[PDB]
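This report refers to the structure that appears directly beneath it.
Rule-based calculations on the coordinates, nothing more; no lab input. Here the Cβ positions follow ideal geometry from the backbone for every residue, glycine too, while neighbour counts run over all protein chains shown.
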Amino acid sequence: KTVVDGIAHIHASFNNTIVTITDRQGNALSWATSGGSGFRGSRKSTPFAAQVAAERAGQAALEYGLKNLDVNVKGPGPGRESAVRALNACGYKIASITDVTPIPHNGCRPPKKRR
Amino acid sequence: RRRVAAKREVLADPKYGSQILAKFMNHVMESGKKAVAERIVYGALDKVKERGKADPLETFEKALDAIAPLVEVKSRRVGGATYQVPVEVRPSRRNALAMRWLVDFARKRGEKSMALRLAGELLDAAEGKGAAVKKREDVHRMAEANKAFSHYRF
Amino acid sequence: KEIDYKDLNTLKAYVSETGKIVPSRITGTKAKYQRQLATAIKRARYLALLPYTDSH
Amino acid sequence: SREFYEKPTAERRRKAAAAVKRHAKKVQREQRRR
RNA sequence: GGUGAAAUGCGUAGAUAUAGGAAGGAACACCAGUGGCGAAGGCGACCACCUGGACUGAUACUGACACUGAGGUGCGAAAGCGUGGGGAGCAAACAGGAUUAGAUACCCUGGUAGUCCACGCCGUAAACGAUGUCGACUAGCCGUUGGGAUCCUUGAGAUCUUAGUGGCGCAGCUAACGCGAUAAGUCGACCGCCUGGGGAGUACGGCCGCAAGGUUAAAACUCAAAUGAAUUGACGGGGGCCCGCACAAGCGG
């Protein structure tokens with residue numbers, strides 16, 4: 001295949017950072033997580049490892065084209081803004097970031113407060 | 001905690017007329033006497049170039065071309081784990097380990113003559129295939145996890 | 001005068017870019033008209049004259 | 001965020017200092033502005 | 001690569017997951033406000049219907065019809081309790097997984113009661129403003145909510161007037177803290193209550209409840225004290241400033 005433009009997600013939890021490249025037909029191309037690059041345990045829920053994890057999304061997406069991308073960010077953790085600068089550096093001239101963080105309007109009740 | 005420290009090295013000699021090897025008589029006069037140290041202090045200068053072709057300083061000037069790390073490792077903590085800060089420092093800081101580390105690591109070789117022992121790796125500062133140019137690039141390697149340790153929480 | 005869910009040129013002035021209603025500490029509005037604003041918003045919002053969230 | 005449930009006793013504890021930092025803002029600065 | 005640190009659900013069953021659809025409960029972001037309404041408990045999406053009280057403006061009417069209230073009788077967070085739906089999420093119990101001398105817990109992964117709806121019960125809370133209800137009076141200033149009226153008037157507004165809701169503060173009161181037209185001032189009408197600390201809101205009785213239990217409510221015995229508020233200090237795994245080779249540069253068991 002060769003698709004020239006796609007929409008590219010970042011799941012940016014407090015624990016991990018998952019980056020999935022899709023097309024505008026939403027079908028996943030290349031996923032790279034912040035623990036899938038050999039991390040496994042405590043340390044790097046940090047913008048360091050998303051800088052490592054977002055580039056592996058890049059150079060595996062550089063198989064089917066994908067010049068321009070659209071970035072959907074989803075989650076509160078660090079590695080939120082250091083995965084979109086780790087993404088143009090792989091040779092992407094991304095149009096605009098977009099925030100999709102799910103917010104309930106009142107929703108379910110959350111878990112108990114940690115002590 | 002203002003720093004009232006004032007640095008000013010004297011760089012002039014009646015024998016060599018160098019820069020960072022003129023006032024060095026401090027570690028070559030090994031707590032004893034200058035009479036015995038005078039043939040060991042400036043006896044090695046004309047012993048490093050007496051085995052090769054170029055002048056003593058020729059391979060003495062190229063010590064800070066392969067023995068000076070490009071980062072720093074001073075620790076600091078904020079509310080989690082201690083994170084050091086590595087970045088391009090001033091020449092002085094970077095070029096301090098590019099002589100003394102090459103110089104002090106000569107006791108684990110020790111061939112004939114004390115002055116040859118001091119001059120043992122002074123001619124190595126060009127190709128950098130010795131031990132002083134083995135820890136130079138090593139410093140750079142231990143900064144992947146410390147790469148983003150400077151602004152945020154540092 | 002009495003602001004209304006039909007008057008979208010008035011209601012769009014207190015709707016933020018993400019769709020949210022802007023408070024009374026940002027726009028200078030009286031407390032009677034604010035709580036009358038956030039009803040005409042919620043009627044036009046319901047009636048699909050205004051989005052709830054930014055997205056579409 | 002909305003990470004944990006905030007029991008509505010501790011959620012009904014509001015106004016950190018907003019009748020000081022926005023009400024006595026034009027009071028404690030009146031040592032110079034007279 | 002959660003964190004004061006790792007352990008459970010996954011790949012001849014596809015793994016957090018798509019730009020997708022459907023179902024189902026439950027809570028209604030923003031507005032949101034020392035904001036509002038209600039006797040209190042309480043009540044947050046939107047629209048309709050049924051309904052309560054307040055506020056407000058003039059005018060007309062009744063003519064003390066009022067105030068309080070032992071009994072009594074209603075309404076009362078939560079959790080519990082029957083009886084039947086419901087069941088996302090969360091989660092006493094409980095299973096493991098950690099952490100620690102142990103951990104019976106705090107942390108993790110689950111998770112039935114319960115939370116939700118209907119009818120019935122319970123009748124309790126730091127049910128608090130720790131402040132009974134009603135009425136009259138007593139310096140000011142600064143906000144705010146619902147009205148009203150005056151102001152050259154554009155209101156961008158201003159002033160007085162009411163009913164609320166707040167922040168200071170004179171007099172006064174208070175052991176002090178503090179309260180101060182929302183009194184803890186000045187007085188009045190009525191009610192409830194208290195009499196050293198434990199024992200104890202406990203036994204026994206009565207009443208109520210299906211139960212859990214509630215309510216009314218003591219004595220023996222015991223001790224010389226408990227208690228309030230402020231003061232000085234010492235202390236804190238409280239906070240903020242500051243210092244010293246205290247923290248790491250070229251020392252050495």
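Before moving on, here are some points about what is shown:
- The helices (runs of 4 or more DSSP H) found wholly in region B:69-144 and carrying at least 3 residues that are within 30 Å of A:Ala49 (Cβ to Cβ) and over 11 Å from the mean Cα position of the chain (by Cα) occupy B:136-141.
- Annotation note: of A:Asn72, A:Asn68, the sole residue that is more than 25 Å from B:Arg153 (Cβ to Cβ), touching a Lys or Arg at 6+ places or on another chain (Cβ under 7 Å) and either away from chain D (no Cβ under 14 Å) or buried (at least 16 other Cβ atoms within 10 Å of the Cβ) (or both) is A:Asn68.
- Residues that are away from chain A (no Cβ under 14 Å) and not β-branched (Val, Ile, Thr), drawn from region C:17-37: C:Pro23, C:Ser24, C:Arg25, C:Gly28, C:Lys30, C:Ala31, C:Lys32, C:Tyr33, C:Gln34, C:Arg35, C:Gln36, C:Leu37
- Residue satisfying all of: in region A:75-107; of a type in the set (D, E, K, R) and either within 14 Å of RNA strand E (Cβ to nearest atom) or over 27 Å from A:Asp23 (Cβ atoms) (or both); nearest to the other protein chains (Cβ to nearest Cβ) among these: A:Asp99
- Looking across chain D, the residues that are more than 10 Å from RNA strand E (Cβ to nearest atom) and over 30 Å from A:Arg115 (Cα atoms) come down to D:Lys21, D:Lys25, D:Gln28, D:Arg29, D:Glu30, D:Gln31, D:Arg32, D:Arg33, D:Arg34.
- Residue selected from region A:1-56 under the condition of a type in the set (D, E, K, R) and closer than 23 Å to A:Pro102 by Cα, by the criterion farthest from the other protein chains (Cβ to nearest Cβ): A:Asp23
- Test result for B:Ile67, touching a helix residue (DSSP H, G or I) at 6+ places or on another chain (Cβ under 9 Å), farther than 30 Å from A:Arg43 by Cβ, in contact (Cβ under 8 Å) with a residue 40 or more places away in the chain and within 13 Å of RNA strand E (Cβ to nearest atom): yes
- Residue-level check: of (1) within 14 Å of chain D (Cβ to nearest Cβ); (2) touching a strand residue (DSSP E or B) at 6+ places or on another chain (Cβ under 6 Å), A:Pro110 misses just (2).
- Residues within region A:1-54 that are near RNA strand E (Cβ under 6 Å from one of its atoms) and on the phi > 0 side of the Ramachandran plot, tallied: 3
- Residue that is farthest from RNA strand E (Cβ to nearest atom), among those in region C:5-56 that are surrounded by 14 or more Cβ atoms within 10 Å (Cβ to Cβ) and charged (D, E, K, R): C:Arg45
- Scanning region C:19-45 for residues that are in contact with a strand residue (DSSP E or B) (Cβ under 9 Å, 6 or more places away or on another chain) and in a loop (DSSP other than H, G, I, E, B) yields a total of 1.
- Residues that are out of contact with any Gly (no Cβ under 8 Å at 6 or more places or on another chain), closer than 30 Å to B:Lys7 by Cα and part of a loop (DSSP other than H, G, I, E, B) do occur in region B:60-68.
- Residues of region B:62-81 classified as within 19 Å of B:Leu102 (Cα to Cα) and either among the β-branched types (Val, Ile, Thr) or crowded, with 16+ Cβ neighbours inside 10 Å (or both), total: 9
- Looking across region C:20-33 at every residue that is more than 9 Å from the chain's Cα centre (by Cα) and not β-branched (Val, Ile, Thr), the one that is nearest to A:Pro102 (Cα to Cα) is identified as C:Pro23.
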